[PDB]
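This report concerns only the one structure given below.
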Amino acid sequence: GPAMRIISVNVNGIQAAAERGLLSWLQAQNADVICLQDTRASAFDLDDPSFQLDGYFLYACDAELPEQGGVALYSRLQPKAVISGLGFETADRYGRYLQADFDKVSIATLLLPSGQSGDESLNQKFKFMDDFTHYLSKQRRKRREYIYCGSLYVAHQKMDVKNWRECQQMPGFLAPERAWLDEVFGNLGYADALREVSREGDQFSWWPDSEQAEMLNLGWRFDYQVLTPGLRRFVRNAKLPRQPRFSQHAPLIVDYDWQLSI
Amino acid sequence: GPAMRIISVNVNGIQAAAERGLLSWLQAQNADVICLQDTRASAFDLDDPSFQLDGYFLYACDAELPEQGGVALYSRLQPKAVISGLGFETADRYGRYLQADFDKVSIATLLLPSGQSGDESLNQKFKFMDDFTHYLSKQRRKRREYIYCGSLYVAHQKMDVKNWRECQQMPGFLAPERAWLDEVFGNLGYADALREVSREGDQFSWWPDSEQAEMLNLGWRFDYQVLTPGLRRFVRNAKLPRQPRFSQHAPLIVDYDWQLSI
Amino acid sequence: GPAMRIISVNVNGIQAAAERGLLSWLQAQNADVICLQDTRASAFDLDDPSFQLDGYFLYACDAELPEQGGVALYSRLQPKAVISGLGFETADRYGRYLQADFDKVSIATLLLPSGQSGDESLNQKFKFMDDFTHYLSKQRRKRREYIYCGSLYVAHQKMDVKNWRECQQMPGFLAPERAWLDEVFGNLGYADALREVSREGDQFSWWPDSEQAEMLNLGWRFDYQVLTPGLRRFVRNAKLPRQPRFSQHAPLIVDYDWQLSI
Amino acid sequence: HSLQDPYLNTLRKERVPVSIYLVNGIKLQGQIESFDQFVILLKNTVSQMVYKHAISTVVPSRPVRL
Amino acid sequence: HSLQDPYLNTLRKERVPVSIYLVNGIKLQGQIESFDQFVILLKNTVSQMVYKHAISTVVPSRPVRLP
Amino acid sequence: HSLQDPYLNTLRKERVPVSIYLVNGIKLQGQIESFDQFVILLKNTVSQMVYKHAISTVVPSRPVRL
Amino acid sequence: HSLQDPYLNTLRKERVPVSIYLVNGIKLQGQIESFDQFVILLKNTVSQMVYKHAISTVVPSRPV
Amino acid sequence: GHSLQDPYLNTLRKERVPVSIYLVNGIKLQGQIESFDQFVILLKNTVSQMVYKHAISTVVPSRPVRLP
Amino acid sequence: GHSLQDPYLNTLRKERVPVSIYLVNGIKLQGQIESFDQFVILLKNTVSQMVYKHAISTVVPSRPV
Amino acid sequence: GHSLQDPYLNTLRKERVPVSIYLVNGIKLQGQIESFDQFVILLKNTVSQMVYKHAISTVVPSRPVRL
Amino acid sequence: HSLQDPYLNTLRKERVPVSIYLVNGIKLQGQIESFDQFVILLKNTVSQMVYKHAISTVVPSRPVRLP
Amino acid sequence: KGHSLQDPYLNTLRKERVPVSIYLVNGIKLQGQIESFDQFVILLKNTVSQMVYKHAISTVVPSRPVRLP
Amino acid sequence: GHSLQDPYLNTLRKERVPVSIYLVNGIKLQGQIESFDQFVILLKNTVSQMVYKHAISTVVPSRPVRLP
Amino acid sequence: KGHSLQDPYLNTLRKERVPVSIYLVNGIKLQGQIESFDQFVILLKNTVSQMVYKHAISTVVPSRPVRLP
Amino acid sequence: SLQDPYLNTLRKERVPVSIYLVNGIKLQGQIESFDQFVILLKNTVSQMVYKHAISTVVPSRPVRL
RNA sequence: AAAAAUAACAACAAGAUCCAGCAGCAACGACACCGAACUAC
């Protein structure tokens, strides 16, 4: 059928994920476009055929420093056009955005800074959010349905995090971040893909390095597939397999009934 | 957990339902409240202990002309108060409405006339709908949420009907009925129960008397658990079993997280 | 006062109509634009001044073969523009569509295949229907208020034909044809002037070749005035003179409030 | 409106309990639900509609950035 | 008018006993009979008319939800 | 001004003894003789010109509708 | 338009004393030597330019 | 659009007449009109004061002035 | 139609002059002008408060400009 | 230059094939090209017109035509 | 050249009320007061200069024949 | 560039200082008087010296008629 | 002149590569470039449409082609 | 011959470094300071070096009044 | 005149560019070559954009000549 | 008097008649108005 599968997997360094076997798992896991983010490597590094998969193209945009950030993207067929710019110092200087265009459908690999590294990172995250909300408000005029593979590092509602009573103070769950994420899914009209098909809790996509939280399943949902209201109806299913995890985040696999094309 | 199971069904005459064995199956299925639309019997007829189940109370509103209509309702605990009325001439005459109040929740056994008999029936149905729109616009103010377990006898979207191209002129699917349903479920905000728990097709509740349609699965969805937006979040599961057919329609069990109490 | 008149006389061969003196009947019938369908002759044949009514222009587009198709159009004043063809092989190669634009209005003459001759005719009818609904959907957003005063050879509702149950298998009332017509009408917002001015039954235009069928009034309404919902407000009245019955079709005449001009 | 619209939008999205001082001295309290060119909506147990031509100042209860 | 009329017409259709606080600190009570772009009408025994330039706030007695 | 004009015209034709309450608080009494964009000529024994921008409300006193 | 300008013209041509009551509650006396669409001149003892918006009502001193 | 406010203000400025501006609130300010506009007026004092038009009720010159 | 308002307000805001905005109701606001618009201005005496133009009467600068 | 435009328009005029000229604004004119010239083309249809070259975008011959 | 100048001269001498449609799709009206190799003065209660590089077409309200 | 109509018309509109209105290809309407014009530029006066290009102008209508040489 | 336009257009023509042209109005035509001169291009599509150079904006090939 | 009035105007706009607008035919509102203008291009100097074509410009509105030499 | 050195520099350093046509749409990419009327823009696909249809050419990063 | 810019609509016969009801507001903006200019709610 006209199924379209998209996989968003944050690796926190493509080297570790490739060592754990993310390359082979992706090559085996059938999909159309892999929104893998947080490469932490320059374009000359991704160009290495070791990372390049068979039957999947490669695109990448890195910051001035390879480890400072960067985001990559795979695709089954050659997209109509790829663009590695957003227009913000917090986005271009860090290489946190890359968009690929198919017939009236654009997939973007968004990457927000974690913020837990320090206060400066939190300020940069707030600035990036305040600029991205404006970018979205400006993009509401276009007719193309957008599929942002976002690693927002922000939990929306209570179900998106366990033991919220204790997480109300830790970064990634404060009041302004929650308000921004609700405005994105609220007034602007956008809607999350995962929360559309499965309105149940415990579906987390991130856990600290300590295995205690993993055993207790104390995690957040720092991965979203933001869809224009036009694509909200085409959301068939979503899944967050935790066992085949190659980093702190878990692969988020969303399948639609939409059929992309060159 | 707090699982409140509501079982709505159109008996199309309590006699046929009792003959086919609706009472036993209904008693077997654990449920907090059961709505029986179209009893086609007087209140004194329902007084017979044959219809009175153990652990359930007997409530019913009989039409002026017993054969023309009538509704019933059983609950596990003595409701706060029964309101066997609506206000309109059609409702008061045909006893097509009966309400039971609970803690911040009230269940209504709505019954819109099918309109499949003749033109006068279709006109009565149009009048009943043009009055129930006002009724719902009035009830939109009170705090308590409502659960209309009603056989609206009107399909909403294509997902509710197969081969819609053929039924574009059959009563219960014309343009004005579709518009009224879309306005009641969109403009007013009364979100449906099925379209929020399972956004899949083939979920039919009605089947013509011809066995050909039954074998071919040609069916329409007429039953509806209309929920105030306050209760939409309290939906969990809703599946239509067709194998326990006891009338022209089939039950519509729906489980909610809300828990009722005197 | 401000009034305009339009006539639709599917001559089914201008030769047969002229043989029955239809030219004089049309000359006596005061009208602003006359849209006769099915000329069954080339443009050179229509150039004969016999068919040219004094004070009325002559336009015509002939099919690749005379008897195959062909359409004509008369205007009391020089239209601003006259066009033919729609890009489809079922229309251009047969000249089954001829449009004329004056100002703020555009009157078109359309001739759909009867589909009653053979299976290939019905297949071409389905092809023309789907291509034409596609084109019309592409024309909805335009500014021109189109009036496709044309013969569709398809009955929409039961009000357009008695004993519809027997006509279910006969062409013109087939399920897919009725569904296509209802989609062209409601889904896209188009309406008909004749039904709008009067929702009365027993009014038909087409009749079989059998005499007893006409005696007992067994006819269909195949000629329609597909009219954009914008100008529907300016429709006055519509008639169906069943007295002549010169040809298989009837002179569907409609008067509106709007007045054309060069 | 280069400052009115963004300011009101920031006060709305964050649900900051704002205090609107009218012209006649009395002050209303509540968060901005929605606003227009000539009307603001205050939610404080009753969704009331205040008029732009009658408001004097609008002070947020807590600091807000721009 | 993007948010003004959708509120006044809603109050009118719903017949909510609204209280209008003028700019000079005076309060009026009643239902909106027929609001316009410049003046609103009240449904009291006298059917008073209040201009839309001297009205400061309009608070309904019951919470009204925008359609 | 869809209903303002006909309402004022009906109050004028019938010579209704309206009561115009300004914004400052003082009230004026007298039938409406005529009206125009930002002006109302109240004539009742003595003529006065009340500006609409300063008028707060107009109580028709008698039950009068359009 | 059809009332304000002709009324002010009649008040001026007649030189009638005009009492302009402001929205603040003050009663200004004098004649309207001239009038504009935004300001009215009230000269009798000292020159004055009363703004239109600040004028609540304007009553003549005698029939006009 | 107006043809009587601009010349009056220009005269009150160039002649440097001690002007007294009384606002709708019911207060008094004194000074000379240094500059005018469609919505503001600068008044000279110990500190130049920008008075808005919509708030001004009357502008009385300390001495009578003739129109141009 | 602001050849005199906009430059004055821009100078007062850039120079960071503690101005006092006397409203129409008689209240005396204070604080520095942060950013002004065609219909609203912003002050920061303690917090970023928006003052509506139609409610402002005069703007006295604490220092001659 | 302009070595192909001449024969194409010449044939379209000789055969008098009904052509549809789509302009730059998206509007479409329909009719027979009566006379082609530099910087201007003459149309033929009820109420003929004179269309300018720099405003034309495409010329669809509708029916098959060879060069 | 061969077709533009004679056509325009005929339209001017005969004083035919033509309608000049611009490149944006706007419709104009008036009689051809004068023409040039770059602009056209069209009169209709006011002599407007329309640039030839902004004229989509010219519709003569009266049939005209070439010389 | 060889025209015999635009030059005198524009020179008359400039010397006479007639209120002119220029409608551009985009459909925008500018209003003012001409200061100086060339084969590719026109300097309009209306609180600013606005250099409007020639190719971007669609029509030029004066507020009142003018005589030609 | 046109040192780079022809080597590309004639190349697309010879190989008959399906290309999509984008008119200045904003829409998109599709097809193979049949013939082209210094003023117009021809699309080999069924309609055999002709497009004007000055009205064209871009020519996106369906598949990458080598520059001669 | 083709820039008798455009060349000095643009040169003055570039020298004075006055905020220019440079409206395009589409109706967009550009801005910056003309750094260097040639026959068919204008290099606007703003936050980032920009290049705008001549045939796509429709208006050059300087924010401040300028006098031609 | 300046267009030739400008495009030569944008092509030498291989700077990501953004072209903006008359209709108003934006085309990101990287200049491959430029002639008197045509410019080759390569971004997954190689397309030929016309000079007369281009309105602006913004380099993604600051560049002079 | 101008969307710091729609990765692009197989194309606009054409824009100058009553809440089955809150463990309840130290109190309703203090009630529907109660006719020569004086600068903190």
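Ligands are numbered from 1 in the order shown, chains are lettered A, B, ... in the order of the structure tokens, and residues start at 1 in each chain.
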
Open item on the list: Would you pick out the contacts of residue 49 (chain K) at 10 Å or less, using only C-alpha atoms (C1' of nucleotides), so that residues sharing its chain but fewer than 2 positions from it are not included, and give the list as an MDAnalysis selection string?
Closed with: (chainID K and resid 33:35 39:43 46:47 51:52) or (chainID L and resid 5:6 9:10 22 58:62)

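All C-alpha atoms of chain L, paired in order with those of chain N and superposed by least squares, deviate by 1.0 Å RMSD.
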
Open item on the list: With only C-alpha atoms considered, list every residue of chain B at most 9 Å from chain C, as a list in words.
Closed with: residues 164, 165, 166, 167, 168, 169 and 175 of chain B

How would chain D read as a compact mmCIF listing (two decimals) with N, CA and C atoms, in the first residue's frame once least-squares superposed on chain F using all paired C-alpha atoms?
```txt
# COMPACT_ATOMS: atom_id res chain seq x y z
N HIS D 1 -23.09 51.52 11.42
CA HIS D 1 -24.22 52.41 11.63
C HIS D 1 -25.53 51.73 11.27
N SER D 2 -25.51 50.40 11.17
CA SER D 2 -26.71 49.66 10.82
C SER D 2 -27.79 49.77 11.89
N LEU D 3 -27.42 50.10 13.13
CA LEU D 3 -28.37 50.27 14.22
C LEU D 3 -28.48 51.70 14.70
N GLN D 4 -27.40 52.48 14.61
CA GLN D 4 -27.44 53.87 15.06
C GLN D 4 -28.43 54.68 14.23
N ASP D 5 -28.30 54.63 12.91
CA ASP D 5 -29.14 55.46 12.05
C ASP D 5 -30.62 55.10 12.16
N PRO D 6 -31.03 53.84 11.99
CA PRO D 6 -32.46 53.52 12.13
C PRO D 6 -33.00 53.82 13.52
N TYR D 7 -32.21 53.55 14.56
CA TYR D 7 -32.66 53.83 15.92
C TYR D 7 -32.91 55.32 16.12
N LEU D 8 -31.94 56.15 15.72
CA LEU D 8 -32.11 57.59 15.86
C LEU D 8 -33.27 58.10 15.01
N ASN D 9 -33.45 57.53 13.81
CA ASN D 9 -34.55 57.97 12.96
C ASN D 9 -35.89 57.62 13.57
N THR D 10 -36.01 56.43 14.15
CA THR D 10 -37.26 56.04 14.81
C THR D 10 -37.52 56.91 16.03
N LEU D 11 -36.48 57.25 16.78
CA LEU D 11 -36.67 58.13 17.94
C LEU D 11 -37.01 59.55 17.51
N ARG D 12 -36.57 59.96 16.32
CA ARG D 12 -36.87 61.30 15.83
C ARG D 12 -38.30 61.41 15.31
N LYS D 13 -38.68 60.51 14.40
CA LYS D 13 -39.99 60.63 13.77
C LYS D 13 -41.12 60.56 14.79
N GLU D 14 -40.95 59.74 15.83
CA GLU D 14 -41.98 59.60 16.86
C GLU D 14 -41.91 60.69 17.92
N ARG D 15 -40.85 61.51 17.92
CA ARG D 15 -40.71 62.59 18.89
C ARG D 15 -40.75 62.06 20.32
N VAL D 16 -39.99 60.99 20.57
CA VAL D 16 -39.93 60.38 21.90
C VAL D 16 -38.99 61.20 22.77
N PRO D 17 -39.44 61.71 23.92
CA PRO D 17 -38.50 62.42 24.82
C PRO D 17 -37.41 61.50 25.34
N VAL D 18 -36.22 61.60 24.76
CA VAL D 18 -35.11 60.73 25.13
C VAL D 18 -34.27 61.40 26.20
N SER D 19 -33.61 60.57 27.01
CA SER D 19 -32.67 61.02 28.02
C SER D 19 -31.28 60.57 27.60
N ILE D 20 -30.40 61.54 27.35
CA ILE D 20 -29.04 61.27 26.90
C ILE D 20 -28.12 61.44 28.11
N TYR D 21 -27.53 60.33 28.55
CA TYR D 21 -26.54 60.35 29.62
C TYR D 21 -25.17 60.57 29.02
N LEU D 22 -24.54 61.69 29.37
CA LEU D 22 -23.20 62.01 28.89
C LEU D 22 -22.16 61.18 29.64
N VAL D 23 -20.89 61.46 29.37
CA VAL D 23 -19.81 60.70 30.00
C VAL D 23 -19.59 61.16 31.43
N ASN D 24 -19.69 62.47 31.68
CA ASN D 24 -19.40 63.02 33.00
C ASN D 24 -20.52 62.79 34.01
N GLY D 25 -21.56 62.03 33.65
CA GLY D 25 -22.60 61.68 34.59
C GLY D 25 -23.90 62.43 34.40
N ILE D 26 -23.81 63.73 34.10
CA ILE D 26 -25.02 64.53 33.94
C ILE D 26 -25.83 64.02 32.75
N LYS D 27 -27.15 64.14 32.86
CA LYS D 27 -28.07 63.67 31.84
C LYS D 27 -28.89 64.83 31.31
N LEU D 28 -29.11 64.84 30.00
CA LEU D 28 -29.96 65.81 29.34
C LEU D 28 -31.25 65.13 28.90
N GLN D 29 -32.32 65.92 28.79
CA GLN D 29 -33.63 65.41 28.42
C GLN D 29 -34.16 66.18 27.21
N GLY D 30 -34.90 65.47 26.36
CA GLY D 30 -35.51 66.11 25.21
C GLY D 30 -35.62 65.19 24.01
N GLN D 31 -36.39 65.60 23.01
CA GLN D 31 -36.57 64.80 21.81
C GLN D 31 -35.49 65.13 20.79
N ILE D 32 -35.20 64.15 19.93
CA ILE D 32 -34.16 64.30 18.91
C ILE D 32 -34.78 65.02 17.72
N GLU D 33 -34.33 66.25 17.46
CA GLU D 33 -34.78 66.98 16.29
C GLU D 33 -34.09 66.46 15.03
N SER D 34 -32.76 66.48 15.03
CA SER D 34 -31.98 65.95 13.92
C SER D 34 -30.65 65.46 14.46
N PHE D 35 -30.01 64.57 13.70
CA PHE D 35 -28.75 63.97 14.11
C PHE D 35 -27.83 63.82 12.91
N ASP D 36 -26.53 63.76 13.19
CA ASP D 36 -25.50 63.60 12.18
C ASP D 36 -24.50 62.56 12.66
N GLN D 37 -23.42 62.40 11.90
CA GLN D 37 -22.39 61.43 12.28
C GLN D 37 -21.69 61.83 13.57
N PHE D 38 -21.72 63.12 13.93
CA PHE D 38 -20.99 63.58 15.10
C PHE D 38 -21.76 64.60 15.93
N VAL D 39 -23.05 64.82 15.66
CA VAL D 39 -23.82 65.81 16.40
C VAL D 39 -25.28 65.38 16.42
N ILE D 40 -25.92 65.55 17.58
CA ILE D 40 -27.35 65.35 17.74
C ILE D 40 -27.95 66.65 18.25
N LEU D 41 -29.21 66.90 17.89
CA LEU D 41 -29.91 68.12 18.26
C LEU D 41 -30.99 67.78 19.27
N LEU D 42 -30.90 68.37 20.46
CA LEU D 42 -31.88 68.18 21.52
C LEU D 42 -32.77 69.41 21.61
N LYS D 43 -34.08 69.20 21.52
CA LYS D 43 -35.07 70.27 21.65
C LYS D 43 -35.77 70.12 22.99
N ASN D 44 -35.47 71.03 23.91
CA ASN D 44 -36.07 71.04 25.24
C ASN D 44 -36.06 72.48 25.75
N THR D 45 -36.76 73.36 25.04
CA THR D 45 -36.82 74.80 25.24
C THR D 45 -35.61 75.49 24.62
N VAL D 46 -34.51 74.78 24.37
CA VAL D 46 -33.34 75.36 23.72
C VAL D 46 -32.72 74.30 22.81
N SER D 47 -32.74 74.56 21.50
CA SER D 47 -32.19 73.62 20.52
C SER D 47 -30.67 73.57 20.70
N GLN D 48 -30.23 72.63 21.53
CA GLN D 48 -28.82 72.47 21.82
C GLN D 48 -28.21 71.37 20.96
N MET D 49 -26.90 71.45 20.76
CA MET D 49 -26.16 70.51 19.93
C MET D 49 -25.23 69.70 20.82
N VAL D 50 -25.57 68.43 21.03
CA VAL D 50 -24.73 67.52 21.80
C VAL D 50 -23.82 66.78 20.82
N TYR D 51 -22.64 66.40 21.30
CA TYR D 51 -21.64 65.75 20.47
C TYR D 51 -21.67 64.24 20.67
N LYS D 52 -21.52 63.50 19.57
CA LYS D 52 -21.53 62.05 19.65
C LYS D 52 -20.39 61.53 20.51
N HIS D 53 -19.19 62.10 20.35
CA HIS D 53 -18.03 61.62 21.09
C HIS D 53 -18.11 61.91 22.58
N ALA D 54 -19.14 62.63 23.04
CA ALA D 54 -19.32 62.92 24.45
C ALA D 54 -20.51 62.20 25.07
N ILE D 55 -21.37 61.59 24.27
CA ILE D 55 -22.53 60.88 24.80
C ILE D 55 -22.11 59.50 25.27
N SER D 56 -22.70 59.04 26.37
CA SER D 56 -22.47 57.70 26.88
C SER D 56 -23.62 56.75 26.56
N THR D 57 -24.85 57.16 26.85
CA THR D 57 -26.01 56.32 26.55
C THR D 57 -27.18 57.21 26.15
N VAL D 58 -28.17 56.60 25.51
CA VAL D 58 -29.38 57.29 25.08
C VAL D 58 -30.56 56.36 25.39
N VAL D 59 -31.34 56.71 26.40
CA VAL D 59 -32.45 55.88 26.87
C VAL D 59 -33.75 56.55 26.45
N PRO D 60 -34.62 55.88 25.68
CA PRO D 60 -35.93 56.46 25.39
C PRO D 60 -36.84 56.41 26.61
N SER D 61 -37.64 57.46 26.78
CA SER D 61 -38.55 57.50 27.93
C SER D 61 -39.59 56.40 27.86
N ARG D 62 -39.96 55.98 26.66
CA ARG D 62 -40.93 54.90 26.46
C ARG D 62 -40.36 53.88 25.49
N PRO D 63 -40.77 52.61 25.61
CA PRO D 63 -40.23 51.58 24.72
C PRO D 63 -40.46 51.93 23.25
N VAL D 64 -39.53 51.49 22.41
CA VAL D 64 -39.59 51.70 20.97
C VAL D 64 -39.23 50.40 20.27
N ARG D 65 -39.92 50.11 19.18
CA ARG D 65 -39.69 48.89 18.42
C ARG D 65 -38.68 49.15 17.30
N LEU D 66 -38.32 48.08 16.60
CA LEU D 66 -37.37 48.16 15.49
C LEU D 66 -37.77 47.21 14.37
```

Task: residue 7 (chain I) surroundings by only C-alpha atoms (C1' of nucleotides), 12 Å radius, close-in-sequence under 3 positions cut, as a list in words - done: residues 37, 40 and 50 of chain H; 1, 2, 3, 4, 10, 11, 12, 13, 14, 15, 36 and 65 of chain I

Selection to disk with N, CA and C atoms, as a short mmCIF file (atom, residue, chain, number, x, y, z; two decimals), in the first residue's frame:
```cif
data_model
loop_
_atom_site.label_atom_id
_atom_site.label_comp_id
_atom_site.auth_asym_id
_atom_site.auth_seq_id
_atom_site.Cartn_x
_atom_site.Cartn_y
_atom_site.Cartn_z
N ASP H 37 2.32 69.71 15.87
CA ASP H 37 2.22 68.57 14.97
C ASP H 37 0.76 68.11 14.97
N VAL H 40 0.96 66.16 18.78
CA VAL H 40 1.75 66.56 19.94
C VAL H 40 2.07 68.04 19.85
N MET H 50 5.87 67.59 26.40
CA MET H 50 5.15 67.17 25.20
C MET H 50 3.72 66.83 25.58
N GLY I 1 2.44 61.70 10.10
CA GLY I 1 1.78 62.62 11.01
C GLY I 1 2.38 62.58 12.41
N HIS I 2 3.67 62.25 12.49
CA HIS I 2 4.37 62.18 13.77
C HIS I 2 5.77 62.78 13.66
N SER I 3 5.93 63.81 12.82
CA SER I 3 7.24 64.41 12.63
C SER I 3 7.80 65.01 13.91
N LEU I 4 6.96 65.23 14.93
CA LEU I 4 7.39 65.81 16.19
C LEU I 4 7.36 64.83 17.36
N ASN I 10 12.05 58.97 20.45
CA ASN I 10 13.25 58.20 20.15
C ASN I 10 14.46 58.77 20.88
N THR I 11 14.58 60.09 20.93
CA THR I 11 15.68 60.71 21.67
C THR I 11 15.58 60.38 23.15
N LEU I 12 14.38 60.52 23.72
CA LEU I 12 14.21 60.24 25.14
C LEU I 12 14.51 58.78 25.46
N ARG I 13 14.19 57.87 24.54
CA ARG I 13 14.42 56.45 24.79
C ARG I 13 15.90 56.10 24.64
N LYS I 14 16.54 56.57 23.57
CA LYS I 14 17.96 56.30 23.38
C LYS I 14 18.78 56.87 24.52
N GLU I 15 18.55 58.14 24.87
CA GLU I 15 19.32 58.78 25.93
C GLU I 15 19.00 58.22 27.31
N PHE I 36 8.66 52.44 22.04
CA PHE I 36 7.40 53.12 21.78
C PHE I 36 6.83 52.68 20.43
N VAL I 65 15.96 68.06 27.40
CA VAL I 65 16.48 67.41 26.20
C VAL I 65 16.42 68.38 25.03
#
```

For residue 29 (chain M), list every protein, DNA or RNA residue within 8 Å, evaluated using only C-alpha atoms (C1' of nucleotides), and leave out those in the same chain fewer than 4 positions away; present the list as a PDB file with N, CA, C and O atoms (P, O5', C5', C4', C3', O3' and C1' of nucleotides), in the first residue's frame.
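Now in around_1.pdb:
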```
ATOM      1  N   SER M  20      11.088  19.725 -16.431  1.00  0.00           N
ATOM      2  CA  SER M  20       9.981  20.556 -15.980  1.00  0.00           C
ATOM      3  C   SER M  20      10.417  22.013 -16.041  1.00  0.00           C
ATOM      4  O   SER M  20      11.398  22.400 -15.397  1.00  0.00           O
ATOM      5  N   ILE M  21       9.698  22.806 -16.817  1.00  0.00           N
ATOM      6  CA  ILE M  21       9.958  24.234 -16.940  1.00  0.00           C
ATOM      7  C   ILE M  21       9.009  24.973 -16.012  1.00  0.00           C
ATOM      8  O   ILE M  21       7.875  24.543 -15.775  1.00  0.00           O
ATOM      9  N   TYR M  22       9.478  26.094 -15.472  1.00  0.00           N
ATOM     10  CA  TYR M  22       8.703  26.908 -14.540  1.00  0.00           C
ATOM     11  C   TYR M  22       8.493  28.281 -15.161  1.00  0.00           C
ATOM     12  O   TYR M  22       9.428  29.085 -15.235  1.00  0.00           O
ATOM     13  N   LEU M  23       7.267  28.548 -15.606  1.00  0.00           N
ATOM     14  CA  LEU M  23       6.957  29.837 -16.200  1.00  0.00           C
ATOM     15  C   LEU M  23       7.083  30.946 -15.161  1.00  0.00           C
ATOM     16  O   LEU M  23       7.147  30.704 -13.953  1.00  0.00           O
TER      17      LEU M  23
ATOM     18  P     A P  10       1.127  23.369 -11.378  1.00  0.00           P
ATOM     19  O5'   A P  10       0.588  23.447 -12.875  1.00  0.00           O
ATOM     20  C5'   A P  10      -0.536  22.676 -13.287  1.00  0.00           C
ATOM     21  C4'   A P  10      -1.197  23.262 -14.510  1.00  0.00           C
ATOM     22  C3'   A P  10      -2.540  22.638 -14.885  1.00  0.00           C
ATOM     23  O3'   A P  10      -3.397  23.635 -15.441  1.00  0.00           O
ATOM     24  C1'   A P  10      -1.020  22.362 -16.670  1.00  0.00           C
TER      25        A P  10
END
```

Task: Surrounding residues of residue 6 (chain P) excluding itself and chain neighbours under 5 positions, 9 Å, only C-alpha atoms (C1' of nucleotides), as a ChimeraX atom specification - done: /A:139,141-143 /O:24-26

TODO: Could you please determine the separation between CA of residue 63 (chain J) and CA of residue 24 (chain K) in Å, to one decimal place?
DONE: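 Distance reported for this atom pair: 28.6 Å.
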
Task: Å distance separating CA of residue 45 (chain L) from CA of residue 33 (chain L), one decimal place - done: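 Computed distance, CA of residue 45 (chain L) to CA of residue 33 (chain L), equals 5.0 Å.
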